[PDB]
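Beneath this line is the structure, given in structure tokens, with notes to follow.
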Amino acid sequence: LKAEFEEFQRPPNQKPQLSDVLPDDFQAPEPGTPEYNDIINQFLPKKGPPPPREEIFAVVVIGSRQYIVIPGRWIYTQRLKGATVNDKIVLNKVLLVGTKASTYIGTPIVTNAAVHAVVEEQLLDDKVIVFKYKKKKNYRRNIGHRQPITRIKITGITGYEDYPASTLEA
Amino acid sequence: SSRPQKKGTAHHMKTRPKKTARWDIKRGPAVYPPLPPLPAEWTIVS
Amino acid sequence: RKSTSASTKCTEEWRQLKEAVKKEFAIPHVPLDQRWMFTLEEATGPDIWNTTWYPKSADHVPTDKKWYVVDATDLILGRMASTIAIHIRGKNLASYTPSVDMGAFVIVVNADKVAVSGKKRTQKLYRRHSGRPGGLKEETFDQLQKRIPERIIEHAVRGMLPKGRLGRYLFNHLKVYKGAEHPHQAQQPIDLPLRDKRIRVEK
Amino acid sequence: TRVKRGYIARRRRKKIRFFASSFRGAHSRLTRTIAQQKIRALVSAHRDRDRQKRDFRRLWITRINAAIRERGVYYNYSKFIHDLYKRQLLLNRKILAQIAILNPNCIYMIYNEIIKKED
Amino acid sequence: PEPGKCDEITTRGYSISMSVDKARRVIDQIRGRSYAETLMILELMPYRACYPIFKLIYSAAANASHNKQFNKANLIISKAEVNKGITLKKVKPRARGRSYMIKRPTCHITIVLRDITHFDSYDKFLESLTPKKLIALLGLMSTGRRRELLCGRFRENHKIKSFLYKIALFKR
Amino acid sequence: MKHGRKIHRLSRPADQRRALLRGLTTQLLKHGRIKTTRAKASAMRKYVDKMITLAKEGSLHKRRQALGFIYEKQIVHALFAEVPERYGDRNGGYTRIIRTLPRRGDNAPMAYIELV
Amino acid sequence: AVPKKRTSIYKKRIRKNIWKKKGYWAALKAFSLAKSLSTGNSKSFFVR
RNA sequence: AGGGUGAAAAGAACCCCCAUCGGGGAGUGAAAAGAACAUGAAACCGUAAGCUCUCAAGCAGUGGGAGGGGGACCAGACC
RNA sequence: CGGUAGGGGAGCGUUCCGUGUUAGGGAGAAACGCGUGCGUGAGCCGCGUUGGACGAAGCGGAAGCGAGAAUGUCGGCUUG
Ligand SMILES: [Mg+2]
Ligand SMILES: [Mg+2]
Ligand SMILES: [Mg+2]
Ligand SMILES: [Mg+2]
Ligand SMILES: [Mg+2]
Ligand SMILES: [Mg+2]
Ligand SMILES: [Mg+2]
Ligand SMILES: [Mg+2]
Ligand SMILES: [Mg+2]
Ligand SMILES: [Mg+2]
Ligand SMILES: [Mg+2]
Ligand SMILES: [Mg+2]
Ligand SMILES: [Mg+2]
Ligand SMILES: [Mg+2]
Ligand SMILES: [Mg+2]
Ligand SMILES: [Mg+2]
Ligand SMILES: [Mg+2]
Ligand SMILES: [Mg+2]
Ligand SMILES: [Mg+2]
Ligand SMILES: [Mg+2]
Ligand SMILES: [Mg+2]
Ligand SMILES: [Mg+2]
Ligand SMILES: [Mg+2]
Ligand SMILES: [Mg+2]
Ligand SMILES: [Mg+2]
Ligand SMILES: [Mg+2]
Ligand SMILES: [Mg+2]
Ligand SMILES: [Mg+2]
Ligand SMILES: [Mg+2]
Ligand SMILES: [Mg+2]
Ligand SMILES: [Mg+2]
Ligand SMILES: [Mg+2]
Ligand SMILES: [Mg+2]
Ligand SMILES: [Mg+2]
Ligand SMILES: [Mg+2]
Ligand SMILES: [Mg+2]
Ligand SMILES: [Mg+2]
Ligand SMILES: [Mg+2]
């Protein structure tokens, strides 16, 4: 209605005036007033506080690559055969467990340590173009490859505590 | 001058790098004691 | 003339607003000194743990760099210039990256007292060429060291730096003086570590 | 039954051109050049997906050598690695490089375990 | 809708017998210049092209005056371009039986006149406001009034466009 | 090069340049003001003045000198008549040169040379 | 002597811009000249 | 060699720039499709907006990606 | 399970015919432009503030059936 009014007034009457679109009714809320700060909080929000995690990280072996995992985060790996979406799996090869208070170093593995993660997805990778080419031998081969991939979410790192810790103590 | 030079593959034969030394030839990959049997990569918990 | 008209005023104001909102939500920079694995903030960010770390612009900022001083008296030219090259390039920091300057500054002093083995003082030959035919010029090491002795070490280190853009820009971090004194005392130079055995010659 | 080639060509060309977006100069313009440039791009890509696996091990190793050299006077990359193996640790070089940068104290500890045990 | 609707008068000359380059050499000068200055310049320039371009510009002035009713003092040339026309080829004889091709190029010229003062209400008023003040002022008005206020040249000149869509101040 | 070659060539050979200048002066003395090209004007100064200075003395000798420069007798006689009157007090400087908008066809810079 | 190759789009665009810059200086002379004849004070100049 | 304004010439009265051409309104028309008129690719010619080049050596890309910008809903991504 | 000359297998597309005066289509077809879609690829499937009347899929049939090279060839447009 103020859109239809201000558009018909910017239509019929060329060279529009400020008094018509913004009436003199509105002085704006004062810069120190609560009714200024609810608007200015709405439109320009302050950055929200970061969600809580444990302070811990582990180095774990999946499909013979070694990942650093921190809980709450998801990572990509090799397809895990016979893994289904919403599945609770335990990664049992754990090389290193850090805590800002201590660090556990396996020989080779941290014993009894396990990483509980859930398989949130089963994907295929971005298509990689494998392209075989020989100059002047008049031979080219265009072949796409899409690797299968598993997207898993680390929930928690557990059963380390008994293992002997080391630390830098000065 | 009655002597020639070494062009192309001749020259390659002549100048390619070799370990002549009898000791560096007979060297080999280090031998590390076996690893203890490792756990299952990943197991399904239900 | 910097216009104070409401237009430009408005523009700068707004730009500082954009900059404000972009500074609030962006991930904080945490410098690398006893920096623990992660801050609860980064943990919401992109994956920097399972990818190779690469330096951001807050790190390598020129103002932060170490300064170093090499007393070149009774040092051996080459063996020293290697160490110098290592430190300039950054190859001794865990944070090293080929594509960036993480390196130091190095100040070389007493550049006429630098020592060189063998008959080299009378033999080693610095040539430079005009670019006309028969434009070749040759100096013995010693003529050079009597005339403009800094060129010797500048020219020996430049050889061991990378070549190309980052190479040249690097080479500007090598500050050489013929005297025992340098006017950098403000930069607080530390001395340069030498792990080489043979680097120190004795007579 | 006469058959004009119609769009069968222009589609192919177009789907190639899409590839070559943001090539400086006549590499982004003329079809005939664009062809080649596509092929070469694809080729480098393939090559350097292999180079990549070489180069990060390059890198990682370099950074590790830097990170260790700080502690002992006499300590190396080589020495280090040999010591990691005779102590039976599995950590590969990516992890030791990323822990070298992002958690330096950790690497100091590791070194202290290898030392304690070689003692 | 768009500023292109309010401020602008477009005029196309068709098939001027200037070759496109020559004509460009004049048009590059007058781009962004007040209608008055552009007049006097195109009166005294050395080149030939300046004369047709002049006739053109004067015309587009009469159009902004009579049709869309603009003040001549406030006219600037906002956007002006030349594009190739229909080329007429003719063959001429040369030495030793060779021929050659003459082309007698034409061009279209498009001049787009833009009033400055149109929108000035919204303009100077929105300049008046600091960045917080303005957001607090738009915290009242409906989507209708928001769109009606900011529909000036304002967002572009001060480069706010992608910012305000991020503040949830708008719909697209 | 030319160092201190001072003459006005007008992009014509000797003969033509002479005849041109003679012509232009009989024109200026007939009509009293004319429109030409800047170079032609500047070049023509000298010869205008030669004629006026010639007429200021009035001797039969001088009159035969002018007759053999200007093409038309009538203009010469009128010169020897008017000049003592009009220019008697003026020592030198008998011509004004006032430049204008350049020509349409070639864009050659124009000018107005006035008998002052 | 001929052009062994054909000249690249961008380089040609620069050379032609140079030739278009002369229009700019002629536009300054033109402007200055109009501002002269627009005070009617010049006795060296004349217009009809 | 030169085909395809529209169903219908309804082929644009009148005003403005105005020596004509050409143009901008108004009017006709479902649409201006405006007579060089139907879909209208590429080369080629430009104009505007985002980032960026003046110590640089290079079949112009590719793997790594500093810094800057943009449209998101899986905001850790895409361009 | 590298691959030229070269041989063999498995496919994709183009225009047309059969089904068919088909399904669908001025509630927008062909085409043109786009894609965070799917393919080993040829390509397919989806989408359009373009376009203005046609025409798929399936199961089959036929060829003036796929272009970057021929000092090819015809138009268009550059460079100098
Ligand atoms: Mg072959
Ligand atoms: Mg010989
Ligand atoms: Mg060799
Ligand atoms: Mg060996
Ligand atoms: Mg047919
Ligand atoms: Mg064919
Ligand atoms: Mg790119
Ligand atoms: Mg003949
Ligand atoms: Mg010829
Ligand atoms: Mg003669
Ligand atoms: Mg003659
Ligand atoms: Mg004299
Ligand atoms: Mg009309
Ligand atoms: Mg007439
Ligand atoms: Mg007309
Ligand atoms: Mg109308
Ligand atoms: Mg109507
Ligand atoms: Mg058409
Ligand atoms: Mg330099
Ligand atoms: Mg630079
Ligand atoms: Mg370069
Ligand atoms: Mg094989
Ligand atoms: Mg094979
Ligand atoms: Mg074969
Ligand atoms: Mg089909
Ligand atoms: Mg068909
Ligand atoms: Mg039907
Ligand atoms: Mg469709
Ligand atoms: Mg069809
Ligand atoms: Mg399709
Ligand atoms: Mg099909
Ligand atoms: Mg119809
Ligand atoms: Mg069918
Ligand atoms: Mg089809
Ligand atoms: Mg055939
Ligand atoms: Mg062809
Ligand atoms: Mg030829
Ligand atoms: Mg041809």
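Residues are named by chain letter and number: chains run A, B, ... in the order of the structure tokens, numbers start at 1 in each chain, and ligands are numbered from 1 in the order shown.
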Original post:
Any idea what's packed within 12 Å of residue E:165, counting only C-alpha atoms (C1' of nucleotides), ignoring anything in its chain fewer than 2 positions away? Could you give it as an NGL selection string?
Top reply: (:A and (43)) or (:E and (147 or 150 or 155 or 160-163 or 167-172)) or (:H and (70-72))
Please dump the current selection as a PDB file, in the first residue's frame; keep N, CA and C atoms (P, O5', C5', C4', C3', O3' and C1' of nucleotides).
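Dumped to selection24.pdb:
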ATOM      1  N   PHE A  43      19.678  -6.690  12.869  1.00  0.00           N
ATOM      2  CA  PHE A  43      20.296  -6.595  11.551  1.00  0.00           C
ATOM      3  C   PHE A  43      21.821  -6.749  11.588  1.00  0.00           C
TER       4      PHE A  43
ATOM      5  N   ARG E 147      12.057  -0.529  -0.066  1.00  0.00           N
ATOM      6  CA  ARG E 147      12.334  -0.602  -1.487  1.00  0.00           C
ATOM      7  C   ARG E 147      12.206   0.778  -2.123  1.00  0.00           C
ATOM      8  N   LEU E 150      15.449   3.152  -1.119  1.00  0.00           N
ATOM      9  CA  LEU E 150      16.795   2.764  -1.502  1.00  0.00           C
ATOM     10  C   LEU E 150      16.892   2.517  -3.001  1.00  0.00           C
ATOM     11  N   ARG E 155      22.631   3.012  -3.552  1.00  0.00           N
ATOM     12  CA  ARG E 155      23.318   1.758  -3.221  1.00  0.00           C
ATOM     13  C   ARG E 155      24.583   1.512  -4.048  1.00  0.00           C
ATOM     14  N   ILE E 160      27.140  -0.267  -1.610  1.00  0.00           N
ATOM     15  CA  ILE E 160      26.477  -0.969  -0.530  1.00  0.00           C
ATOM     16  C   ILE E 160      25.750  -2.212  -0.984  1.00  0.00           C
ATOM     17  N   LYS E 161      25.603  -2.375  -2.294  1.00  0.00           N
ATOM     18  CA  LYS E 161      24.595  -3.281  -2.833  1.00  0.00           C
ATOM     19  C   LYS E 161      24.602  -4.673  -2.189  1.00  0.00           C
ATOM     20  N   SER E 162      25.710  -5.397  -2.299  1.00  0.00           N
ATOM     21  CA  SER E 162      25.796  -6.732  -1.696  1.00  0.00           C
ATOM     22  C   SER E 162      25.808  -6.720  -0.173  1.00  0.00           C
ATOM     23  N   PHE E 163      26.007  -5.555   0.424  1.00  0.00           N
ATOM     24  CA  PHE E 163      26.018  -5.508   1.868  1.00  0.00           C
ATOM     25  C   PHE E 163      24.598  -5.611   2.415  1.00  0.00           C
ATOM     26  N   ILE E 167      22.442  -8.051   5.225  1.00  0.00           N
ATOM     27  CA  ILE E 167      21.927  -7.544   6.494  1.00  0.00           C
ATOM     28  C   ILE E 167      20.458  -7.950   6.667  1.00  0.00           C
ATOM     29  N   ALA E 168      19.945  -8.681   5.680  1.00  0.00           N
ATOM     30  CA  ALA E 168      18.535  -9.079   5.605  1.00  0.00           C
ATOM     31  C   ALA E 168      17.624  -7.855   5.496  1.00  0.00           C
ATOM     32  N   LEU E 169      18.123  -6.813   4.837  1.00  0.00           N
ATOM     33  CA  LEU E 169      17.363  -5.585   4.652  1.00  0.00           C
ATOM     34  C   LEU E 169      16.469  -5.646   3.417  1.00  0.00           C
ATOM     35  N   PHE E 170      16.541  -6.759   2.691  1.00  0.00           N
ATOM     36  CA  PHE E 170      15.908  -6.849   1.378  1.00  0.00           C
ATOM     37  C   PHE E 170      15.483  -8.252   0.941  1.00  0.00           C
ATOM     38  N   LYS E 171      14.626  -8.275  -0.079  1.00  0.00           N
ATOM     39  CA  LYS E 171      14.221  -9.495  -0.776  1.00  0.00           C
ATOM     40  C   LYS E 171      14.534  -9.375  -2.270  1.00  0.00           C
ATOM     41  N   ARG E 172      14.869 -10.497  -2.895  1.00  0.00           N
ATOM     42  CA  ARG E 172      15.203 -10.514  -4.310  1.00  0.00           C
ATOM     43  C   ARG E 172      14.265 -11.464  -5.046  1.00  0.00           C
TER      44      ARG E 172
ATOM     45  P     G H  70      31.105  -8.416  -1.861  1.00  0.00           P
ATOM     46  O5'   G H  70      30.427  -9.510  -2.810  1.00  0.00           O
ATOM     47  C5'   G H  70      29.915  -9.141  -4.084  1.00  0.00           C
ATOM     48  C4'   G H  70      29.604 -10.335  -4.960  1.00  0.00           C
ATOM     49  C3'   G H  70      28.368 -11.141  -4.601  1.00  0.00           C
ATOM     50  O3'   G H  70      27.186 -10.531  -5.101  1.00  0.00           O
ATOM     51  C1'   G H  70      30.178 -12.599  -5.123  1.00  0.00           C
ATOM     52  P     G H  71      25.765 -10.762  -4.387  1.00  0.00           P
ATOM     53  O5'   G H  71      24.966 -11.688  -5.414  1.00  0.00           O
ATOM     54  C5'   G H  71      23.765 -12.351  -5.037  1.00  0.00           C
ATOM     55  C4'   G H  71      23.775 -13.777  -5.520  1.00  0.00           C
ATOM     56  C3'   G H  71      23.110 -14.806  -4.614  1.00  0.00           C
ATOM     57  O3'   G H  71      21.694 -14.872  -4.739  1.00  0.00           O
ATOM     58  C1'   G H  71      25.250 -15.580  -5.210  1.00  0.00           C
ATOM     59  P     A H  72      20.794 -15.383  -3.499  1.00  0.00           P
ATOM     60  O5'   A H  72      21.344 -16.855  -3.196  1.00  0.00           O
ATOM     61  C5'   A H  72      21.295 -17.439  -1.894  1.00  0.00           C
ATOM     62  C4'   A H  72      22.168 -18.677  -1.822  1.00  0.00           C
ATOM     63  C3'   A H  72      21.731 -19.792  -0.880  1.00  0.00           C
ATOM     64  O3'   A H  72      20.707 -20.593  -1.452  1.00  0.00           O
ATOM     65  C1'   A H  72      24.111 -19.485  -0.800  1.00  0.00           C
TER      66        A H  72
END
Original post:
Neighbours of ligand 33 within 9 Å, counting only C-alpha atoms (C1' of nucleotides) and all ligand atoms, as a PyMOL selection string?
Top reply: chain I and resi 19-20+22+56-58
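Distances from G:13, G:48, G:35, G:22 to chain H were compared using only C-alpha atoms (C1' of nucleotides), and the smallest one belongs to G:13.
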**OP:** Please report, as an MDAnalysis selection string, each residue of stretch 67-152 of chain A to which DSSP assigns strand (DSSP E) when run on this structure's backbone.
**Re:** chainID A and resid 67:69 74:78 88:91 94:99 102:105 114:124 128:134 139:145 148:152
Give the residue list for ligand 4 at 9 Å, counting only C-alpha atoms (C1' of nucleotides) and all ligand atoms, as an mmCIF file with N, CA, C and O atoms, in the first residue's frame, sorted by chain and then by residue number.
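Done, and the output landed in out26.cif:
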data_model
loop_
_atom_site.group_PDB
_atom_site.id
_atom_site.type_symbol
_atom_site.label_atom_id
_atom_site.label_comp_id
_atom_site.auth_asym_id
_atom_site.auth_seq_id
_atom_site.Cartn_x
_atom_site.Cartn_y
_atom_site.Cartn_z
ATOM 1 N N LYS B 19 77.773 -46.175 -9.168
ATOM 2 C CA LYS B 19 78.544 -46.370 -7.949
ATOM 3 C C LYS B 19 79.502 -47.484 -8.252
ATOM 4 O O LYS B 19 79.108 -48.640 -8.384
ATOM 5 N N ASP B 24 79.258 -49.512 -1.639
ATOM 6 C CA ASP B 24 77.956 -48.872 -1.748
ATOM 7 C C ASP B 24 77.001 -49.706 -2.606
ATOM 8 O O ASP B 24 75.773 -49.597 -2.497
ATOM 9 N N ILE B 25 77.575 -50.557 -3.445
ATOM 10 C CA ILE B 25 76.787 -51.500 -4.221
ATOM 11 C C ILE B 25 76.010 -52.468 -3.344
ATOM 12 O O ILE B 25 74.801 -52.622 -3.502
ATOM 13 N N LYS B 26 76.706 -53.073 -2.384
ATOM 14 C CA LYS B 26 76.184 -54.203 -1.623
ATOM 15 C C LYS B 26 75.285 -53.745 -0.474
ATOM 16 O O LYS B 26 74.863 -54.560 0.353
ATOM 17 N N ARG B 27 75.000 -52.445 -0.406
ATOM 18 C CA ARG B 27 74.129 -51.935 0.649
ATOM 19 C C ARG B 27 72.709 -52.388 0.432
ATOM 20 O O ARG B 27 72.397 -53.015 -0.580
ATOM 21 N N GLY B 28 71.838 -52.051 1.371
ATOM 22 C CA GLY B 28 70.474 -52.517 1.284
ATOM 23 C C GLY B 28 69.567 -51.980 2.358
ATOM 24 O O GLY B 28 70.033 -51.460 3.371
ATOM 25 N N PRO B 29 68.254 -52.112 2.133
ATOM 26 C CA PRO B 29 67.193 -51.673 3.044
ATOM 27 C C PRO B 29 67.392 -52.193 4.462
ATOM 28 O O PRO B 29 67.775 -53.353 4.667
#
**OP:** Using only C-alpha atoms (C1' of nucleotides) and all ligand atoms, find each protein or nucleic acid residue lying at most 10 Å from ligand 38; present the set as a ChimeraX atom specification.
**Re:** /I:73-77
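The smallest atom-to-atom distance between chain H and any of A:100, A:73, A:153, A:88, using only C-alpha atoms (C1' of nucleotides), is found for A:73.
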Subject >> In chain E, DSSP helix (DSSP H, G or I) residues written as a PyMOL selection string >> reply: chain E and resi 3-6+20-30+35-44+50-66+72-74+95-97+120-127+131-137+143-149+154-157+161-166
Original post:
Using only C-alpha atoms (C1' of nucleotides) and all ligand atoms, which protein or nucleic acid residues are at most 12 Å from ligand 22, as a PyMOL selection string?
Top reply: chain I and resi 1-3
Requested write-out: N, CA, C and O atoms (P, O5', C5', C4', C3', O3' and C1' of nucleotides) of the selected residues, as a PDB file, in the first residue's frame:
ATOM      1  P     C I   1      48.935 -57.380 -17.562  1.00  0.00           P
ATOM      2  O5'   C I   1      47.832 -56.302 -17.924  1.00  0.00           O
ATOM      3  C5'   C I   1      47.450 -56.160 -19.278  1.00  0.00           C
ATOM      4  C4'   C I   1      46.258 -55.260 -19.440  1.00  0.00           C
ATOM      5  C3'   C I   1      46.436 -53.819 -18.987  1.00  0.00           C
ATOM      6  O3'   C I   1      47.130 -53.000 -19.932  1.00  0.00           O
ATOM      7  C1'   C I   1      44.370 -54.673 -18.202  1.00  0.00           C
ATOM      8  P     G I   2      48.746 -52.917 -19.967  1.00  0.00           P
ATOM      9  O5'   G I   2      49.031 -51.538 -20.682  1.00  0.00           O
ATOM     10  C5'   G I   2      48.987 -50.304 -19.991  1.00  0.00           C
ATOM     11  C4'   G I   2      49.603 -49.224 -20.853  1.00  0.00           C
ATOM     12  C3'   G I   2      49.109 -49.149 -22.303  1.00  0.00           C
ATOM     13  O3'   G I   2      47.904 -48.402 -22.451  1.00  0.00           O
ATOM     14  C1'   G I   2      51.473 -49.197 -22.280  1.00  0.00           C
ATOM     15  P     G I   3      46.825 -48.762 -23.601  1.00  0.00           P
ATOM     16  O5'   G I   3      47.657 -48.652 -24.960  1.00  0.00           O
ATOM     17  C5'   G I   3      48.016 -47.386 -25.506  1.00  0.00           C
ATOM     18  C4'   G I   3      49.073 -47.508 -26.581  1.00  0.00           C
ATOM     19  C3'   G I   3      48.614 -48.171 -27.872  1.00  0.00           C
ATOM     20  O3'   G I   3      48.034 -47.211 -28.750  1.00  0.00           O
ATOM     21  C1'   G I   3      50.657 -49.148 -27.138  1.00  0.00           C
TER      22        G I   3
END
**OP:** Using only C-alpha atoms (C1' of nucleotides), determine which residues lie at most 12 Å from stretch 8-10 of chain G, disregarding the query and same-chain residues fewer than 2 positions distant; provide the list as an MDAnalysis selection string.
**Re:** (chainID D and resid 24:27 29) or (chainID G and resid 3 5:6 12:17) or (chainID H and resid 44:45) or (chainID I and resid 78:80)
Subject >> ligand 2 neighbours within 10 Å using only C-alpha atoms (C1' of nucleotides) and all ligand atoms, as number ranges by chain >> reply: B: 1-5
Subject >> Shell of 6 Å around stretch 116-129 of chain E, only C-alpha atoms (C1' of nucleotides), local chain residues under 6 positions omitted, as a list in words >> reply: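 Skipping anything fewer than 6 positions along the chain leaves residues 15, 17 and 18 of chain A; 6, 7 and 10 of chain C; 74 and 152 of chain E.
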Keeping only N, CA, C and O atoms, write the selected residues as an mmCIF file, in the first residue's frame.
data_model
loop_
_atom_site.group_PDB
_atom_site.id
_atom_site.type_symbol
_atom_site.label_atom_id
_atom_site.label_comp_id
_atom_site.auth_asym_id
_atom_site.auth_seq_id
_atom_site.Cartn_x
_atom_site.Cartn_y
_atom_site.Cartn_z
ATOM 1 N N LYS A 15 10.209 13.224 -10.783
ATOM 2 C CA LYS A 15 11.029 13.870 -9.739
ATOM 3 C C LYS A 15 10.445 13.721 -8.323
ATOM 4 O O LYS A 15 9.850 14.659 -7.784
ATOM 5 N N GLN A 17 9.796 13.172 -4.209
ATOM 6 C CA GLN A 17 10.249 13.890 -3.010
ATOM 7 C C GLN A 17 10.266 12.994 -1.774
ATOM 8 O O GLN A 17 9.463 12.072 -1.647
ATOM 9 N N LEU A 18 11.177 13.296 -0.856
ATOM 10 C CA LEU A 18 11.405 12.469 0.322
ATOM 11 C C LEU A 18 10.240 12.501 1.311
ATOM 12 O O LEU A 18 10.004 11.530 2.034
ATOM 13 N N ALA C 6 29.519 15.079 2.102
ATOM 14 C CA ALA C 6 28.760 14.027 2.764
ATOM 15 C C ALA C 6 28.886 12.692 2.041
ATOM 16 O O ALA C 6 28.827 11.639 2.672
ATOM 17 N N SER C 7 29.090 12.747 0.727
ATOM 18 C CA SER C 7 29.229 11.539 -0.081
ATOM 19 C C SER C 7 30.418 10.665 0.345
ATOM 20 O O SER C 7 30.239 9.487 0.692
ATOM 21 N N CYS C 10 30.142 9.415 3.962
ATOM 22 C CA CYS C 10 29.234 8.276 3.932
ATOM 23 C C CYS C 10 29.949 7.000 3.472
ATOM 24 O O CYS C 10 29.896 5.971 4.161
ATOM 25 N N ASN E 74 21.359 20.234 -15.850
ATOM 26 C CA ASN E 74 21.678 19.048 -15.055
ATOM 27 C C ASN E 74 21.992 17.804 -15.887
ATOM 28 O O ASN E 74 22.114 16.703 -15.358
ATOM 29 N N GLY E 152 17.041 4.607 -5.252
ATOM 30 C CA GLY E 152 17.866 5.600 -5.903
ATOM 31 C C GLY E 152 19.181 5.030 -6.397
ATOM 32 O O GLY E 152 19.445 3.829 -6.298
#
Original post:
Can you tell me how far atom CA of residue E:106 sits from atom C1' of residue H:23, in Å to one decimal?
Top reply: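 According to the coordinates, atom CA of residue E:106 and atom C1' of residue H:23 are separated by 16.7 Å.
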Subject >> Contacts of ligand 18, 9 Å or closer, only C-alpha atoms (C1' of nucleotides) and all ligand atoms, given as an MDAnalysis selection string >> reply: chainID H and resid 37:40
Store the residues of this selection in a file with C-alpha atoms (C1' of nucleotides), as a PDB file, in the first residue's frame.
ATOM      1  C1'   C H  37      11.760  -5.109 -39.828  1.00  0.00           C
ATOM      2  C1'   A H  38      10.596 -13.134 -38.094  1.00  0.00           C
ATOM      3  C1'   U H  39      14.435 -17.478 -34.649  1.00  0.00           C
ATOM      4  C1'   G H  40      19.433 -14.832 -34.690  1.00  0.00           C
TER       5        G H  40
END
Subject >> Surroundings of ligand 6 up to 12 Å, based on only C-alpha atoms (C1' of nucleotides) and all ligand atoms, as a PyMOL selection string >> reply: (chain D and resi 1-6+8-9) or (chain I and resi 14-15+64-67)
Write the selection just made, keeping C-alpha atoms (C1' of nucleotides), as a PDB file, in the first residue's frame?
ATOM      1  CA  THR D   1      17.616 -38.443 -46.990  1.00  0.00           C
ATOM      2  CA  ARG D   2      19.860 -35.399 -46.739  1.00  0.00           C
ATOM      3  CA  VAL D   3      21.160 -34.557 -43.284  1.00  0.00           C
ATOM      4  CA  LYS D   4      22.565 -31.110 -42.409  1.00  0.00           C
ATOM      5  CA  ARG D   5      24.988 -31.497 -39.543  1.00  0.00           C
ATOM      6  CA  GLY D   6      22.930 -29.018 -37.543  1.00  0.00           C
ATOM      7  CA  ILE D   8      25.572 -31.700 -33.293  1.00  0.00           C
ATOM      8  CA  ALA D   9      28.843 -29.805 -33.850  1.00  0.00           C
TER       9      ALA D   9
ATOM     10  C1'   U I  14      22.136 -36.922 -36.244  1.00  0.00           C
ATOM     11  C1'   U I  15      17.889 -36.634 -40.106  1.00  0.00           C
ATOM     12  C1'   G I  64      23.451 -37.134 -48.632  1.00  0.00           C
ATOM     13  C1'   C I  65      24.726 -39.867 -40.662  1.00  0.00           C
ATOM     14  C1'   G I  66      29.349 -37.145 -36.700  1.00  0.00           C
ATOM     15  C1'   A I  67      35.300 -32.479 -39.399  1.00  0.00           C
TER      16        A I  67
END
Original post:
Near residue B:42, counting only C-alpha atoms (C1' of nucleotides), which residues have an atom at most 8 Å away, once you skip same-chain residues fewer than 2 positions from it, shown as a list in words?
Top reply: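 Counting only C-alpha atoms (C1' of nucleotides), the residues come to residues 62, 89, 90, 91, 92 and 93 of chain A; 40 and 44 of chain B.
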Go ahead and write the residues just picked, N, CA, C and O atoms, as an mmCIF file, in the first residue's frame.
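Generated output (out-v7.cif):
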data_model
loop_
_atom_site.group_PDB
_atom_site.id
_atom_site.type_symbol
_atom_site.label_atom_id
_atom_site.label_comp_id
_atom_site.auth_asym_id
_atom_site.auth_seq_id
_atom_site.Cartn_x
_atom_site.Cartn_y
_atom_site.Cartn_z
ATOM 1 N N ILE A 62 42.630 -44.883 9.004
ATOM 2 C CA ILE A 62 41.530 -45.416 8.202
ATOM 3 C C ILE A 62 41.944 -45.668 6.771
ATOM 4 O O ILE A 62 42.462 -44.771 6.108
ATOM 5 N N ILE A 89 30.324 -46.879 14.424
ATOM 6 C CA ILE A 89 31.553 -47.620 14.241
ATOM 7 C C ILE A 89 32.667 -47.131 15.132
ATOM 8 O O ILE A 89 32.719 -45.970 15.551
ATOM 9 N N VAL A 90 33.551 -48.062 15.431
ATOM 10 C CA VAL A 90 34.645 -47.797 16.321
ATOM 11 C C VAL A 90 35.958 -48.000 15.595
ATOM 12 O O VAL A 90 36.236 -49.073 15.061
ATOM 13 N N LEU A 91 36.742 -46.932 15.544
ATOM 14 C CA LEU A 91 38.041 -46.959 14.894
ATOM 15 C C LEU A 91 39.073 -47.304 15.952
ATOM 16 O O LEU A 91 39.258 -46.563 16.930
ATOM 17 N N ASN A 92 39.670 -48.479 15.782
ATOM 18 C CA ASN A 92 40.507 -49.096 16.799
ATOM 19 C C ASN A 92 41.999 -48.951 16.609
ATOM 20 O O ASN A 92 42.771 -49.418 17.440
ATOM 21 N N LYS A 93 42.418 -48.327 15.515
ATOM 22 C CA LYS A 93 43.841 -48.086 15.323
ATOM 23 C C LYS A 93 44.105 -46.641 15.703
ATOM 24 O O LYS A 93 43.789 -45.727 14.941
ATOM 25 N N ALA B 40 41.832 -54.626 14.517
ATOM 26 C CA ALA B 40 41.010 -54.416 13.332
ATOM 27 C C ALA B 40 40.856 -52.924 13.082
ATOM 28 O O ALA B 40 40.550 -52.166 14.009
ATOM 29 N N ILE B 44 32.164 -52.709 13.468
ATOM 30 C CA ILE B 44 30.802 -52.203 13.607
ATOM 31 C C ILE B 44 30.228 -52.514 14.984
ATOM 32 O O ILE B 44 30.153 -53.670 15.404
#
